[PDB]
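Worksheet: one structure, shown below.
Counting convention: from 1, in listed order, for ligands and their atoms alike. Throughout, numbering of the chain's residues begins at 1 and tracks the sequence.
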Amino acid sequence: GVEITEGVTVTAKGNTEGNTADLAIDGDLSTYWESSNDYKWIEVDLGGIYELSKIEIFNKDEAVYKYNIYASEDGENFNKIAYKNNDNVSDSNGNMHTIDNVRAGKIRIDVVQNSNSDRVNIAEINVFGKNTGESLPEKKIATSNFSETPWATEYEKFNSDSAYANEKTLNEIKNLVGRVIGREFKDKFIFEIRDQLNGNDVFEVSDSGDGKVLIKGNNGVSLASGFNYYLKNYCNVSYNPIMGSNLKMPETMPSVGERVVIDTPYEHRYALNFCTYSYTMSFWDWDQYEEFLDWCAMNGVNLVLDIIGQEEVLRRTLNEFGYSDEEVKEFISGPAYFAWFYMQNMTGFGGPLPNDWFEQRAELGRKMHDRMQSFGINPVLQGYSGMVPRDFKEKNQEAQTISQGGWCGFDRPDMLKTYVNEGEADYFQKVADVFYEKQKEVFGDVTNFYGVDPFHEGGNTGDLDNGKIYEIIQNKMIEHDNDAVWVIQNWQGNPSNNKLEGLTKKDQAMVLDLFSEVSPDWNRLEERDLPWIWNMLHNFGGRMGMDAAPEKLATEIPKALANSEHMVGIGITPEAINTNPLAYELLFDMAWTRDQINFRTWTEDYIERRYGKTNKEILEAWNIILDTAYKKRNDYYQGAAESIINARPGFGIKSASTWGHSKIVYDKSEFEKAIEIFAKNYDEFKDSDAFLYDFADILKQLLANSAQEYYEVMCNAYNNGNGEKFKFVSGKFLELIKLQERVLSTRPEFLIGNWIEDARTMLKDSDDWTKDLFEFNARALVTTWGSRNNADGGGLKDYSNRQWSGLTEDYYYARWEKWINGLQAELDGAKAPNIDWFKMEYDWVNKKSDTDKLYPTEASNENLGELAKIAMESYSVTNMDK
Ligand SMILES: CC(=O)N[C@H]1/C(=N/OC(=O)Nc2ccccc2)O[C@H](CO)[C@@H](O)[C@@H]1O
Ligand SMILES: [Ca+2]
């Protein structure tokens, strides 16, 4: 050994009674620790630093277990030293793991799998090593106050000094040019501040007289919109840092000709759903955020949801009410779940966050507010409605809370009673006062716009009056910022008129009609004289598929402007920004007109600048897309139609996610014609990346569509009990998925490995524990979402399903192959079992890039034209009989 038989202790973050953590180290094989929740790990302190040579683990039974062992010599960093990932059963002899004489004062054992239960266990753990004579070192989470930073000095300088602020802005608009099209095009522009045009945001583009482009605008985003206007209408250039670009500039800067002056009737152009921060932006670095804000300003956006670094604000707030930093970390979710954590739906899951997290994200948020200030983009910060942890009373006995029940199998945080009786302590007032103060401490006065949404998708209003709740929440927000505007989401008829009528100051609230392009609900808001924004939702969960509503955008936005007195803006509220760039380009365009436009000729113009060129055939393919996947519909529907490939296998499947659809409302063979045309023009257009993007989009749409048809043939073949029929069609079905995987390999944005690597690398000098945990977050979100009770009982299984390379191969295909094998076995042998899908899915979720399989961050050289012809030939609906 030698075995460390003394001074060793252990902690855990949950257990089923009375299977406490100490039962893992009590020398007794008949006693065990057992997990109760999603913290499936224990932490052994060794009473000093040892050089470990061996670690021995015993489980309570003969099930197959999988786990990862991490160690620390500094008490801060936990690095992986051992793991079990083989399918061998536990037995009476235990598992012995050799350690490379690694210095360790603490150990973590994360038992990520148990073949017999959702719940995990360690009966005993023995650690063998050589005592170093040393002891683990002492360090507390500490963050800077905004006012004490270079950010505050800069922020105030912009605020007080007009000439400085203008210089800063103009220089930023110029840096934007250098980032977007290249440094060599920067001095080809002259940027000027002008006034508003009758109280409206405005830009101008004209010729300087010496071959440069002169652009005027009342602020940053107006300038960047003039820049984009020039690129789009004169340079035939189209920028989308997420969904494909044409950035090929002419040899000479083209002349503007006659001067243009373009204003917008809208006070706000809005961007972001709480969900975007999770489904898309979870693992974004500053570079990705910088890109995004350039694209924002260029698209006219001046109002943007901002929850970056809100974990520090909450930490400082909770610290005042009896919570340690560790307890705060247990409250807050992991980095993929902030959407539903800030919307009061869930706690804990994916966590705990590393100690490093707090400072890094406060800094990222300060960085973002600096650029936003330069552009004149208002962030929407956080308001406070009463959200507290479920043990808030234990720590603050006089506090009055309301249990909020569950959300999709998760426990919702409590909610402080917004008001109490006389003679009762008012903890809404105490905690709200701290919250707004700590939010100032972390970021300063950066905005008058605050977002909070009590009772989002459920909860419980207890004994309280609905209107009185919304009266007090607003009054309190205005208390700490007299100019405050409470940004309120409008989702599925909530908040009701009765909550909304509680708003005593209508000017200081702004309601986001979240789903205005499928299900508008602004009439109720307009009738109550409430300022409101018209929003395109479009995207649910980052689910992919050809789908957009260009005609409604072209018509309904200007029509709403004319039919109303309280529409203060338009915007986007997608759950992910990863799909259908047409929709988002058209919506932000609709801000700069009071008249309806022609969606058909708009598209004709759009595709030319996107591909860099156009022709008769490419146009007619896009008309086919407009006539099919993009055709105006009048039904209710959430998201693009879902692919059967991404569905949990079975009979009578009508979607992949619980409240989704797989119904194709257009003619499939008609849509396939677009792919024929794209393939026919491939060689001419392959120099365009945005063309390849769209080709991959419609081609993977073609194969999703045909897969559905093939699935029904093979289902009919089994239900008719033969047989070698089934083998054939089931085999052609799996072959189709293998072709799909090749299609998806062509796009960097469709690679699972990019999502995952971004998770593992988003902070620097992270230990293996943090990287592994963040990869858990990335895997789980796009698949099971949560654990068994969240995936199954909760309805969240495959909610965020992705048509992604690697994921399709190792997860979607694998599910379908097992089920086929399957039915075949029976049809020949009998009979086919019930497959416990979650088990199989969570197997993949818990795999790690460094020990299991590293997914590529690099696209393939596969030929889409060629791939398209293979699709038309063998895997199409058009040729489906042959
Ligand atoms: C799981 C998830 O992300 N659900 C989101 C969500 N789900 O909406 C649905 O697709 N449908 C659905 C919503 C409520 C009840 C049943 C289905 O939309 C809301 C607004 O975009 C978000 O606030 C919810 O977080
Ligand atoms: Ca024991």
- Item | Min N/O separation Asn345 to ligand 1 under 3.5 Å |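 There is no such contact.
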- Task: Could you check atom 7 (N) of ligand 1 against the protein and tell me its nearest heavy-atom contact, residue, atom and distance included?
- Result: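 Its nearest protein heavy-atom neighbour is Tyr799 OH, 3.4 Å.
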Would you mind running through ligand 1 and noting each atom that sits below 4.0 Å from a heavy atom of [X]?
X: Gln638; answer: 8 (O), 9 (C), 10 (O), 11 (N), 12 (C)
X: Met343; answer: 23 (O), 25 (O)
X: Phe540; answer: 8 (O), 9 (C), 10 (O)

- Is a side-chain donor-acceptor pair under 3.5 Å present for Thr573 with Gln489?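 Not at all, the side chains of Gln489 and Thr573 share no donor-acceptor pair under 3.5 Å.
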- Message: I want to confirm something. Looking only at heavy atoms, which of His456, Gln492, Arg543 is nearest to atom 15 (C) of ligand 1?
- Response: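 Of the listed residues, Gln492 has the closest heavy atom.
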- Among the N/O/S atoms of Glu124, select the one at the shortest distance from the Ca ion (ligand 2) and name it.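 For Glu124, the N/O/S atom sitting closest to the Ca ion (ligand 2) is OE2.
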- Query: Where does the angle between the aromatic ring planes of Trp532 and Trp522 fall among parallel (under 30°), tilted (30 to 60°) and perpendicular (over 60°)?
  - Reply: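 Parallel, since the angle between the ring planes stays under 30°.
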- Is it the side chain, the backbone, both or neither of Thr573 that has a heavy atom closer than 4.0 Å to ligand 1?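 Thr573 to ligand 1: no contact under 4.0 Å from either part.
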- If you measure from CE on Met343 to CE on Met387, what distance do you get to the nearest 0.5 Å?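 Interatomic distance, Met343 CE to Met387 CE, rounded to 0.5 Å: 11.5 Å.
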- Task: Working to the nearest 0.5 Å, report the span between CZ of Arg412 and CZ of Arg390.
- Result: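 If we round to the nearest 0.5 Å, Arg412:CZ and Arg390:CZ are 9.5 Å apart.
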- Close approach, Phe274 and ligand 1, non-hydrogen under 4.0 angstrom: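 Outside the 4.0 Å threshold, so no.
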- Message: Heavy-atom contact check, 4.0 Å cutoff: does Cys275 meet ligand 1?
- Response: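 True for this residue.
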- Message: Using 3.0 Å as the threshold, say whether any N, O or S atom from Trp33 sits that close to the Ca ion (ligand 2).
- Response: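 So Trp33 does not bind the Ca ion (ligand 2) by this criterion.
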